Amino acid sequence: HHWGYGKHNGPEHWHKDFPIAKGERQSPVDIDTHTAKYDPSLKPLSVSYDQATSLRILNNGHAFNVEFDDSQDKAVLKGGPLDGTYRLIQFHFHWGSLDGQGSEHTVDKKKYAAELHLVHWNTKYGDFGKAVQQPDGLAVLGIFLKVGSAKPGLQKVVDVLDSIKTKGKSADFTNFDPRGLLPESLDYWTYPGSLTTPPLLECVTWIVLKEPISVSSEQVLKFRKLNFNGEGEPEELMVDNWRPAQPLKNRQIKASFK
Ligand SMILES: NS(=O)(=O)c1ccc(-c2cc3ccccc3[nH]2)cc1
Ligand SMILES: [Zn+2]
């Protein structure tokens, strides 16, 4: 009886196994765009993904992860609110059963169809398991998805999904360039928060881009063909794998842009 996104094991239940679910810096949050303050001291973000090495795509039972080689500084995030160098380890998405829901962060209470998380860890902590025990251990770049025109750089991800339909399946996934997932602008909001799934550790500097990327209806429909279950188990479609907004508590959301 482990955590998930159903009636009986979804977000409102997680606190019983993970009491930090009710902590002081949980994610996601609603981004009130009128209350976020421009911070002219924030630097532009530096996204350096030209040397990225994707390796594998995995259905882990709660999303799919595209994993990278993070044994060297190859694809890194720096600048912005960050001190130091954060290495890309994986990306994944959260999405809905309908186009009107799916994102974890919201903007003035608006839900997007999906949200991409590019997860990076602070190299001063040596590896990822150590980083998630630190308050500045991770930087997750969040990018909203709206349904409209297709995103050509997403199609290679969409097309491999039928090979990882069920929990615990993985497939080779080399030479994927995550630059094709980014919007044109790197304007962002940033705040200190947490992992959005158990163990819900309070180790993340969140950087959420203001500009969404567009994806087609057909692209998101393929996300919704994935399964939460393992092979040979009753089919339960992987949809609505998002945690709702949590209380902001004693935090301020900063904007990189006026
Ligand atoms: N949705 S999210 O990007 O906040 C996210 C990123 C990473 C994890 C994440 C899960 C986990 C489990 C054991 C050890 C380290 C871990 N990092 C969870 C959520
Ligand atoms: Zn996520």
Side-chain angles (χ1 to χ4, degrees), residues 11-12 14-15 18 20-47 76-77 79-86 88 91-96 100-122 131-132 134-146 181-213 241-253 255-257:
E12 304 311 309
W14 296 348
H15 73 99
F18 301 97
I20 204 177
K22 294 186 189 269
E24 295 303 306
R25 54 176 281 186
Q26 287 293 290
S27 293
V29 297
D30 181 57
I31 299 168
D32 189 280
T33 62
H34 282 111
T35 292
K37 191 189 150 78
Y38 172 62
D39 186 342
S41 84
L42 283 175
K43 308 176 216 285
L45 195 51
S46 174
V47 183
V76 299
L77 179 74
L82 307 172
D83 286 335
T85 296
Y86 289 72
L88 176 66
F91 69 76
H92 60 276
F93 301 81
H94 306 261
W95 63 90
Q101 65 201 58
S103 64
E104 298 209 299
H105 293 87
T106 53
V107 179
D108 293 334
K109 304 288 179 94
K110 179 187 172 73
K111 291 176 166 97
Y112 287 87
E115 184 172 332
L116 164 62
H117 287 160
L118 297 127
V119 179
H120 309 76
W121 57 272
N122 194 327
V132 300
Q134 314 305 323
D136 60 348
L138 282 194
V140 181
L141 180 61
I143 302 180
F144 297 113
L145 276 64
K146 65 183 193 187
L181 299 177
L182 303 177
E184 292 180 358
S185 180
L186 295 182
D187 291 348
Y188 62 89
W189 296 280
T190 182
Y191 74 97
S194 75
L195 309 180
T196 67
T197 57
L200 302 173
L201 299 168
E202 288 180 339
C203 61
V204 182
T205 298
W206 273 97
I207 297 170
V208 177
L209 293 193
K210 167 186 117 256
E211 187 187 328
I213 57 167
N241 58 348
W242 48 278
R243 187 188 194 189
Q246 298 303 304
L248 186 63
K249 260 95 186 279
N250 184 39
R251 292 180 290 180
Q252 293 177 327
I253 303 182
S256 75
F257 59 96

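Starting from 1, each residue takes its place in the sequence as its number.
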Of the non-hydrogen atoms in [X] and [Y], which two are nearest, and what is the gap between them?
X: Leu118; Y: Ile143; result: CD1-CD1, 3.8 Å
X: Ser185; Y: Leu209; result: O-CD1, 4.1 Å
X: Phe144; Y: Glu115; result: CE2-OE1, 3.6 Å
X: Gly96; Y: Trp242; result: CA-NE1, 4.3 Å
X: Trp14; Y: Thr197; result: CZ3-CA, 4.1 Å
X: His34; Y: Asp108; result: N-OD1, 4.5 Å

Tell me, please, which residues at least two apart from [X] pass side-chain contact (heavy atoms from CB on, under 4.5 Å).
X: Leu195; result: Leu138, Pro199, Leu201, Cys203, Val204
X: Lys110; result: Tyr112
X: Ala113; result: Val147
X: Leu248; result: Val29, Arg251, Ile253

Stepwise side-chain hydrogen bond (donor to acceptor under 3.5 Å, both in side chains) test for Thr190 and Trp206:
CA-CA 5 Å; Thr190 182; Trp206 273 97; over 6 Å; no
How would you list, by chain and number, every residue that makes a side-chain hydrogen bond (donor to acceptor under 3.5 Å, both in side chains) with [X], sequence neighbours excluded?
X: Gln246; answer: none
X: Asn250; answer: none
X: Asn122; answer: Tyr86
X: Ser103; answer: none

Calculate, to the nearest 0.5 Å, the distance between atoms [atom1] and [atom2] belonging to [X] and [Y] respectively.
X: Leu182; Y: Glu211; atom1: CG; atom2: CD; answer: 10.0 Å
X: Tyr188; Y: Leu141; atom1: OH; atom2: CG; answer: 10.5 Å
X: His120; Y: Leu88; atom1: NE2; atom2: CG; answer: 4.5 Å

Test item: [X] and [Y] side chains (from C-beta on) under 4.5 Å apart, heavy atoms:
X: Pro244; Y: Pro11; result: yes
X: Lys37; Y: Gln252; result: no
X: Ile207; Y: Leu82; result: yes

For a side-chain contact (heavy atoms from CB on, under 4.5 Å) check, start with the C-alpha distance between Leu145 and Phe93, then their side-chain angles and the critical distance, and finish with the verdict.
CA-CA 9 Å; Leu145 276 64; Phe93 301 81; 3.8 Å; yes
Any donor-acceptor pair under 3.5 Å from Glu104 side chain to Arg243 backbone:
yes
Judged by atom type as modelled, is there a donor-acceptor pair below 3.5 Å linking the side chain of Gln26 to the main-chain atoms of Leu200?
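Confirmed, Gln26 side chain pairs with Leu200 backbone.
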Walk me through whether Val119 and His92 qualify under side-chain contact (heavy atoms from CB on, under 4.5 Å).
CA-CA 8 Å; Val119 179; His92 60 276; 3.7 Å; yes
Decide side-chain contact (heavy atoms from CB on, under 4.5 Å) for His117 and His94; before the verdict, give the C-alpha distance in whole Å, the side-chain angles of both, and the deciding distance to 0.1 Å.
CA-CA 8 Å; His117 287 160; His94 306 261; 3.1 Å; yes
Test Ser194 against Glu202 for side-chain hydrogen bond (donor to acceptor under 3.5 Å, both in side chains), laying out the working first.
CA-CA 4 Å; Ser194 75; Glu202 288 180 339; 5.7 Å; no
Show the numbers, then the answer: is there a side-chain hydrogen bond (donor to acceptor under 3.5 Å, both in side chains) between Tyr191 and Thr205?
CA-CA 6 Å; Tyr191 74 97; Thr205 298; over 6 Å; no
Which salt bridge (charged side-chain N to carboxylate O under 4.0 Å, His left out) pairs, counting each pair once, include a residue from residues 20-31, with sequence neighbours left out?
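Sorted pair list: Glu24-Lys249.
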Should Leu116 and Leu181 be marked as a side-chain contact (heavy atoms from CB on, under 4.5 Å) after you check the CA-CA gap, both sets of side-chain angles, and the distance that decides it?
CA-CA 9 Å; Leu116 164 62; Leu181 299 177; 3.8 Å; yes
With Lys210 as the cation and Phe257 as the aromatic partner, state whether NZ or CZ is under 6.0 Å from the six-membered ring centre and within 45° of the axis.
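Yes, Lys210 and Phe257 form such a contact.
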